[PDB]
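**Student:** Take this structure, written in structure tokens, and hold onto it; I'll ask about it next.
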Amino acid sequence: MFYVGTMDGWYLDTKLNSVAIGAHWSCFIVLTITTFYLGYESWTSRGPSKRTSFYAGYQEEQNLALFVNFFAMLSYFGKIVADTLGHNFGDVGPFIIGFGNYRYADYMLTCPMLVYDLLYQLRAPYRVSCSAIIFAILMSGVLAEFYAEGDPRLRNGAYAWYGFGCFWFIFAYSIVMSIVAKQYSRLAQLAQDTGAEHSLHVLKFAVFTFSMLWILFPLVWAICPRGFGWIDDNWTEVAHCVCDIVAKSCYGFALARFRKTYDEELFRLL
Amino acid sequence: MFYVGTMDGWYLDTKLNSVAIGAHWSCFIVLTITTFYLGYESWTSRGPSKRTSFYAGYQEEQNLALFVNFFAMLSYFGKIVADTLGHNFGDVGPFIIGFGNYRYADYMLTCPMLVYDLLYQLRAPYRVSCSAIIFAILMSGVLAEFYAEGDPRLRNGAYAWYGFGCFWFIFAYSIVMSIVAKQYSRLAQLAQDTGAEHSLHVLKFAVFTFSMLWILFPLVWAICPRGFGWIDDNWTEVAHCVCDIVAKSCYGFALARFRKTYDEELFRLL
Amino acid sequence: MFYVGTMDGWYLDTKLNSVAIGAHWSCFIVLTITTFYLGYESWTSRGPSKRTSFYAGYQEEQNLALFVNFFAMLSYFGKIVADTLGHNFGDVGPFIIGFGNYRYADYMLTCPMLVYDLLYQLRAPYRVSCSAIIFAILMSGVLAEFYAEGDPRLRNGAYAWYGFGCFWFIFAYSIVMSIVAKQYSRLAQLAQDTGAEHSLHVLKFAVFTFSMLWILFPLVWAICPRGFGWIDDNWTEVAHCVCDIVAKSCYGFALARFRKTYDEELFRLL
Ligand SMILES: CC(C)CCC[C@@H](C)[C@H]1CC[C@H]2[C@@H]3CC=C4C[C@@H](O)CC[C@]4(C)[C@H]3CC[C@]12C
Ligand SMILES: CC(C)CCC[C@@H](C)[C@H]1CC[C@H]2[C@@H]3CC=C4C[C@@H](O)CC[C@]4(C)[C@H]3CC[C@]12C
Ligand SMILES: CC(C)CCC[C@@H](C)[C@H]1CC[C@H]2[C@@H]3CC=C4C[C@@H](O)CC[C@]4(C)[C@H]3CC[C@]12C
Ligand SMILES: CC(C)CCC[C@@H](C)[C@H]1CC[C@H]2[C@@H]3CC=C4C[C@@H](O)CC[C@]4(C)[C@H]3CC[C@]12C
Ligand SMILES: CC(C)CCC[C@@H](C)[C@H]1CC[C@H]2[C@@H]3CC=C4C[C@@H](O)CC[C@]4(C)[C@H]3CC[C@]12C
Ligand SMILES: CC(C)CCC[C@@H](C)[C@H]1CC[C@H]2[C@@H]3CC=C4C[C@@H](O)CC[C@]4(C)[C@H]3CC[C@]12C
Ligand SMILES: *C/C=C(C)/C=C/C=C(C)/C=C/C1=C(C)CCCC1(C)C
Ligand SMILES: *C/C=C(C)/C=C/C=C(C)/C=C/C1=C(C)CCCC1(C)C
Ligand SMILES: *C/C=C(C)/C=C/C=C(C)/C=C/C1=C(C)CCCC1(C)C
Ligand SMILES: CCCCCCCCCCCCCCCC(=O)O
Ligand SMILES: CCCCCCCCCCCCCCCC(=O)O
Ligand SMILES: CCCCCCCCCCCCCCCC(=O)O
Ligand SMILES: CCCCCCCCCCCCCCCC(=O)O
Ligand SMILES: CCCCCCCCCCCCCCCC(=O)O
Ligand SMILES: CCCCCCCCCCCCCCCC(=O)O
Numbered sequence: 010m011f012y013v014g015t016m017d018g019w020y021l022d023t024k025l026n027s028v029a030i031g032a033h034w035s036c037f038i039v040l041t042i043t044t045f046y047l048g049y050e051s052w053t054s055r056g057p058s059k060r061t062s063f064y065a066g067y068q069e070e071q072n073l074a075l076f077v078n079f080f081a082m083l084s085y086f087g088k089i090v091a092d093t094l095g096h097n098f099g100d101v102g103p104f105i106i107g108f109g110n111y112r113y114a115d116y117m118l119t120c121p122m123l124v125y126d127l128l129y130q131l132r133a134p135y136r137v138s139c140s141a142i143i144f145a146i147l148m149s150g151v152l153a154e155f156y157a158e159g160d161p162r163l164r165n166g167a168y169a170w171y172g173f174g175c176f177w178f179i180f181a182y183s184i185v186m187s188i189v190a191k192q193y194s195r196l197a198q199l200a201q202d203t204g205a206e207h208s209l210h211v212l213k214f215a216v217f218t219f220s221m222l223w224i225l226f227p228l229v230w231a232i233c234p235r236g237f238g239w240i241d242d243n244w245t246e247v248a249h250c251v252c253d254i255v256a257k258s259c260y261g262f263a264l265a266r267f268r269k270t271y272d273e274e275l276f277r278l279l
Numbered sequence: 010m011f012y013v014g015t016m017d018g019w020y021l022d023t024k025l026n027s028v029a030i031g032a033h034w035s036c037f038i039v040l041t042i043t044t045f046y047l048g049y050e051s052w053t054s055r056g057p058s059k060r061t062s063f064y065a066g067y068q069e070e071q072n073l074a075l076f077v078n079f080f081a082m083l084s085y086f087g088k089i090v091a092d093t094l095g096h097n098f099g100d101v102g103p104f105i106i107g108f109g110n111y112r113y114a115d116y117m118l119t120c121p122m123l124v125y126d127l128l129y130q131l132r133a134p135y136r137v138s139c140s141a142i143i144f145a146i147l148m149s150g151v152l153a154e155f156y157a158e159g160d161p162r163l164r165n166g167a168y169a170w171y172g173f174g175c176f177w178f179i180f181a182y183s184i185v186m187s188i189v190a191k192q193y194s195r196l197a198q199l200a201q202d203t204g205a206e207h208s209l210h211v212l213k214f215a216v217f218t219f220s221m222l223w224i225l226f227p228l229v230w231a232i233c234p235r236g237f238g239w240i241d242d243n244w245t246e247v248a249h250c251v252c253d254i255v256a257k258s259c260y261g262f263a264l265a266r267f268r269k270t271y272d273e274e275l276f277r278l279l
Numbered sequence: 010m011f012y013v014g015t016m017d018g019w020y021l022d023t024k025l026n027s028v029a030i031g032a033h034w035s036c037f038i039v040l041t042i043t044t045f046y047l048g049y050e051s052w053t054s055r056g057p058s059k060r061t062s063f064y065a066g067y068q069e070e071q072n073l074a075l076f077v078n079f080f081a082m083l084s085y086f087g088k089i090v091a092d093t094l095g096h097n098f099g100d101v102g103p104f105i106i107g108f109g110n111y112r113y114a115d116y117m118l119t120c121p122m123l124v125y126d127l128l129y130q131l132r133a134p135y136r137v138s139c140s141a142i143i144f145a146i147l148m149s150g151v152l153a154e155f156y157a158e159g160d161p162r163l164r165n166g167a168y169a170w171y172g173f174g175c176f177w178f179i180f181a182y183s184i185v186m187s188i189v190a191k192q193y194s195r196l197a198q199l200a201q202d203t204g205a206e207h208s209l210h211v212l213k214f215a216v217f218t219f220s221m222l223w224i225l226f227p228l229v230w231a232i233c234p235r236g237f238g239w240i241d242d243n244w245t246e247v248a249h250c251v252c253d254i255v256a257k258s259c260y261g262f263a264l265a266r267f268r269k270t271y272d273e274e275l276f277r278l279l
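Heads up: the sequence lines are chains A, A' and A'', in that order. A prime marks a further copy of an entry chain. Note that the authors' numbering has the first sequence beginning at 10, numbered continuously upward. Note that the authors' numbering has the second sequence beginning at 10, numbered continuously upward. Note that the authors' numbering has the third sequence beginning at 10, numbered continuously upward.
Next comes the structure, spelled out in structure tokens:
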């Protein structure tokens, strides 16, 4: 009778329309392109010096954007296999971290890597600590799905867990931004008028812009059928596809361009 | 008919009484307090020198006690949401590492971090190796729950897995204590009568005391309905709450006090 | 009606014969022996210098073969407990990473460690990156099991996921071998005729031989009931036991012998 968390739910027909299926295809294609591009950048990178063969091979923190895009691509491969077979893939079948049959179970793998990577660009403190908190926020979102989709007697568990996640998200942000802020401040005074100043401006704004676009995820939760229900389940899939293209692919391309142009300029100051 | 491992089990009414629910509330409050306290110590720590701003931010091994308390707090948040909704949370619903709807599934995340942290205080060898073995012991305990709570035809699987876990636990201990012993021995001769001797005495006894209190977990298993059944399921929840307050919170406060008083005294010798 | 992914499947009688049960016993005994042997080598190792007490304790990358054998031993302990109780253990019960009730769910823990260890022997670049890709390939194999064993309407999902895994496996190999190749090339010119040359020859061939034996896993998939069905489920269990003895135990013994004889000879060049 309740399908969430079961194999019975997995064998049902897909509830998704052409709009949601099209969004999954679009997201998979963009993530696959980004993965091959970031793979090429990883192979050919010689570092800021431009004299170290397989630089990204020895400094493997450089491959974090590649692995974010690669794991997101694997998750969307699963969504398009399920869509083309025409079976239900929403919060049914086996619970596997890094796989997106459970909403936010894919992000539990990729988001901690993405926050680590963002903070690593500014050599910011609390990188592992912010990855751990993001892991717990995404766990909160997974548990809110089980309550939201289960027996309506337990529905208020979804708000308890959303609230917990939002609490720690606001906390994490209000500490993260106060690190990104101090890291730019340190380097800004250090940079003086050297020309590294302009690249350092760009790095702070890019890292801040991509950080702040993460607020779209709890906002989509609030407007979708989990909260107010102003958008349906099909448009929620479209909202997540767009947010994933921005958070992972556009981030991946933006960072890859920064490393192409401004890496050495800041490698002396960072 | 058998509920362990199923969503059907999750929708049943809670089997817990007021004593077990009160123990969960008490444990959640203490873990939340410890988390905020250890968060404050992490933010304000300047290291043993007292001259490094955001020391714990760059030396993130210092945040391990914080993350143990934070993940235990998340697990107990889940128990009190389930208690207040009034649904069954004992070995039912989705299997998620770091979440305590399966007994020992929460500990699979926090215990390896806690053993790493203990051995890191003495700069002991085999820190990752001891974290790996503790992970396997807690896996053993998870698998013993599935056999203990399932079809009684398979009940003897619970003893096979408890035995496996106990075997490797005795092994791990009988090697760990022989490291803690040699690490104190090395530093004891090195310390001479310098005043660092007294702090080093305290560190060995504290690390040994907290290590030895981990024997309470397999002893609670033996006395609870899994073994002899001298205590019921409600008193087992109380026993785990008390053991968690000692193993995580009291450990967290004890370590934080050691770092406040004796960090620099031993940072020259460690 | 479909048992894959369910607790109902776990309570069924074993489908395995004496040949498959004997293979599980044989594999468990060999992995346990290898674990105790590699444990002894870890304890007594003094490094290439032969002057560092608990060398493997401080350089914990040396314990990777030990932890591969230890986790494989835990997985086979589970198979023999299930065989002796006489219950079904094939892709039923709880999904737990590092546990082999789901085919390839045990390997998701051990294979990334094993590829890290192989590449670490040659100080090869892309070690974490190759561990991440192997993790995704083994995830692909897990998802192909759910489709292969479920509702036959969704059977073609098994080929989609096998294809995805094979694609990234060929990719990973065709990049890995081009690293092992360049790492041997670098050291070969560096070694000249010093006597380190002969040991370096042995290391390249051993690492290449063990790397290439990993092709047996997707080949067994193709010949077993997942693909052409030339062998039955019982002989598939035997094929995996033999492949595990070679990939983990024989690897473990071969590496341990290399470190006994040729460690110092190459520690100056590596
Ligand atoms: C989406 C499916 C069909 C996979 C196709 C991936 C395509 C788009 C990938 C694979 C190889 C890639 C190319 C690899 C190398 C280079 C050289 C350099 O100048 C950067 C871009 C460029 C030219 C890449 C563009 C994207 C690319 C063409
Ligand atoms: C990047 C673009 C160009 C290529 C698309 C790649 C993937 C997503 C495509 C290519 C071929 C596809 C498969 C083609 C055939 C079948 C059989 C059908 O009964 C179920 C769907 C299934 C199993 C498809 C799933 C999706 C699939 C694996
Ligand atoms: C349990 C629920 C209600 C959450 C409440 C957490 C409370 C207990 C936390 C939040 C902020 C914390 C304080 C933060 C900072 C300091 C300064 C220093 O002198 C150590 C203790 C002290 C004074 C902390 C004591 C505990 C504290 C008051
Ligand atoms: C630390 C102390 C002071 C604060 C306690 C925090 C948490 C555990 C409390 C505060 C408010 C609580 C919620 C209040 C309202 C409801 C609706 C009810 O139908 C189910 C329980 C549920 C969902 C509660 C779960 C537990 C809860 C989230
Ligand atoms: C498979 C079950 C019964 C467990 C038994 C494990 C046995 C085979 C293990 C445990 C202790 C091990 C021994 C430990 C130490 C040494 C000394 C050295 O010269 C290497 C081999 C040798 C002699 C080992 C051989 C294997 C050994 C005997
Ligand atoms: C290495 C060799 C020498 C020792 C073998 C170790 C393990 C695999 C053996 C030793 C004793 C065995 C147990 C003996 C008794 C029972 C009770 C029976 O109703 C179910 C099987 C079960 C639970 C067995 C499972 C496997 C077991 C745990
Ligand atoms: C690649 C995907 C990214 C970067 C996703 C990030 C998602 C979040 C920050 C989600 C956060 C949420 C909360 C703050 C509350 C609980 C619900 C979530 C999971 C949507
Ligand atoms: C914060 C919680 C802690 C430190 C818990 C530690 C738990 C253990 C060491 C449990 C060990 C067990 C065995 C030795 C055998 C199997 C049963 C267990 C899991 C209770
Ligand atoms: C100890 C076990 C080892 C080293 C196992 C390795 C297994 C693989 C490389 C398996 C690979 C597969 C694919 C290439 C495609 C999908 C099916 C798999 C999982 C068999
Ligand atoms: C340390 C944790 C801090 C507290 C964070 C969680 C607090 C928010 C709980 C929200 C519960 C909302 C329940 C709504 C009930 C209703 O619909 O009437
Ligand atoms: C932390 C980022 C910002 C998140 C903004 C949260 C705004 C509150 C959303 C609550 C939605 C759940 C309650 C809706 C219930 C209903 O009216 O049906
Ligand atoms: C390397 C592994 C070492 C062995 C560790 C496990 C051995 C203990 C097995 C205990 C089985 C107890 C079964 C009791 C059967 C009964 O009740 O009659
Ligand atoms: C390794 C730490 C010490 C653990 C102490 C173990 C003591 C044996 C407990 C076995 C309990 C299981 C058998 C009870 C069966 C019964 O009598 O009903
Ligand atoms: C980036 C991903 C690359 C593509 C890798 C997967 C492509 C192989 C898909 C195989 C599908 C085979 C379906 C067979 C259908 C049938 O039986 O008729
Ligand atoms: C990447 C390593 C090599 C793998 C070799 C793959 C060979 C193709 C195997 C496809 C098997 C699945 C299709 C069989 C369908 C059938 O005929 O019943």
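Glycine residues also receive a C-beta, built at the ideal position from the N, C-alpha and C atoms.
Going by DSSP in three states, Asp242(A') sits in which element: helix, strand or coil?
**Tutor:** helix
**Student:** Please confirm if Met186(A') has its CB atom under 8 Å from at least one CB of chain A''.
**Tutor:** no
**Student:** Can you list the residues near ligand 2, meaning Cβ strictly closer than 7 Å to any non-hydrogen atom, in the order they appear in the chain?
**Tutor:** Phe37(A), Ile38(A), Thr41(A), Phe86(A), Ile89(A), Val90(A), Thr93(A), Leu94(A), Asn165(A''), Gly166(A''), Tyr168(A''), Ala169(A''), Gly172(A'')
**Student:** Go ahead and pull the three-state DSSP assignment for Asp272(A'').
**Tutor:** Collapsing the DSSP output to three states places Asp272(A'') in a helix.
**Student:** Is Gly107(A') near ligand 8, judged by its Cβ being under 7 Å from some heavy atom?
**Tutor:** Within the chosen limit of 7 Å, ligand 8 does not reach the beta carbon of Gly107(A') with any heavy atom.
**Student:** Is it the case that the CB of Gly150(A) approaches a heavy atom of ligand 7 more closely than 7 Å?
**Tutor:** yes
**Student:** Could you list the residues in the segment 124-151 of chain A'' with a C-beta less than 9 Å from some C-beta on chain A, going in chain order?
**Tutor:** Within the segment 124-151 of chain A'', the residues whose Cβ lies closer than 9 Å to some Cβ of chain A are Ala133, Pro134, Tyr135, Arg136, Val137, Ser138, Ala141, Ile142, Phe144, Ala145, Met148, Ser149, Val151, listed in chain order.
**Student:** Leaving out five residues on either side along the sequence, give the residues of the same chain with a beta carbon under 8 Å from the beta carbon of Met117(A).
**Tutor:** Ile106, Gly107, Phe144, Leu147, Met148, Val151
**Student:** Taking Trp170(A'') as the query, report the chain A residues whose CB atoms sit under 9 Å from its CB, ordered along the chain.
**Tutor:** Within chain A, the residues near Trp170(A'') are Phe86, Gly87, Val90.
**Student:** Using a Cβ-Cβ cut-off of 8 Å, state whether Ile30(A'') counts as contacting chain A'.
**Tutor:** no
**Student:** Would you kindly check if the distance between the Cβ of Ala197(A') and the Cβ of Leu209(A') is under 8 Å?
**Tutor:** Between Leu209(A') and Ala197(A'), the C-beta gap is smaller than 8 Å, which places the two residues in contact.
**Student:** So which residues of chain A does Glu273(A') contact, with C-beta pairs closer than 8 Å?
**Tutor:** One finds nothing in chain A with a Cβ atom closer than 8 Å to the Cβ of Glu273(A'); even the nearest lies about 21 Å away.
**Student:** Using three-state DSSP, classify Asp22(A') as helix, strand or coil.
**Tutor:** strand
**Student:** Please compile the residues from chain A' whose C-beta is within a distance smaller than 8 Å of the C-beta of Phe108(A'').
**Tutor:** From the beta-carbon of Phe108(A''), the residues of chain A' found nearer than 8 Å are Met148, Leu152.
**Student:** Cβ of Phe45(A') within 7 Å of any heavy atom in ligand 3?
**Tutor:** yes
**Student:** Using 8 Å as the threshold, is the C-beta distance between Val185(A) and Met122(A) below it?
**Tutor:** no
**Student:** Would you mind telling me which residues of chain A'' sit closer than 7 Å to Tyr67(A), beta carbon to beta carbon, in chain order?
**Tutor:** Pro134
**Student:** How would you list, in chain order, the residues of chain A'' whose beta-carbon sits under 7 Å from the beta-carbon of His96(A)?
**Tutor:** Neighbours of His96(A) on chain A'', chain order: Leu163.
**Student:** Rounded to whole angstroms, what is the Cα-Cα separation between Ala167(A'') and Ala74(A)?
**Tutor:** 29 Å
**Student:** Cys250(A''): beta carbon under 7 Å from a heavy atom of ligand 15?
**Tutor:** For ligand 15, not one heavy atom lies less than 7 Å from the Cβ of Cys250(A'').
**Student:** When you compare each of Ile224(A'), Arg235(A'), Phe276(A') to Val255(A') by their alpha carbons, which one comes out closest?
**Tutor:** It is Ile224(A') whose Cα lies nearest to the Cα of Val255(A').
**Student:** Output needed for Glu70(A): all residues of its chain with C-beta closer than 6 Å, excluding positions within five of it in sequence on either side, in chain order.
**Tutor:** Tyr129
**Student:** Hey, would you say the C-beta of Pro121(A) is under 7 Å away from at least one heavy atom of ligand 8?
**Tutor:** No, Cβ of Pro121(A) sits at least 7 Å from all heavy atoms of ligand 8.
**Student:** Verify whether the separation of the beta carbon atoms of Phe11(A'') and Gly236(A'') is less than 8 Å.
**Tutor:** No, the pair does not count as a contact, with Cβ atoms beyond the cut-off.
**Student:** Would you say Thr15(A') reaches chain A'', if we count a Cβ-Cβ gap shorter than 8 Å as a contact?
**Tutor:** yes
**Student:** Given a cut-off of 8 Å, decide if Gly66(A') and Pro134(A) are closer than it, judged by their beta-carbon atoms.
**Tutor:** yes
**Student:** Going by DSSP, name the residue or residues bridged to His96(A'').
**Tutor:** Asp22(A'')
**Student:** Taking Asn72(A) as the query, report the chain A'' residues whose CB atoms sit under 9 Å from its CB, ordered along the chain.
**Tutor:** Chain-order list of chain A'' residues neighbouring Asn72(A): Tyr135, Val137, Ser138, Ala141, by C-beta distance under 9 Å.
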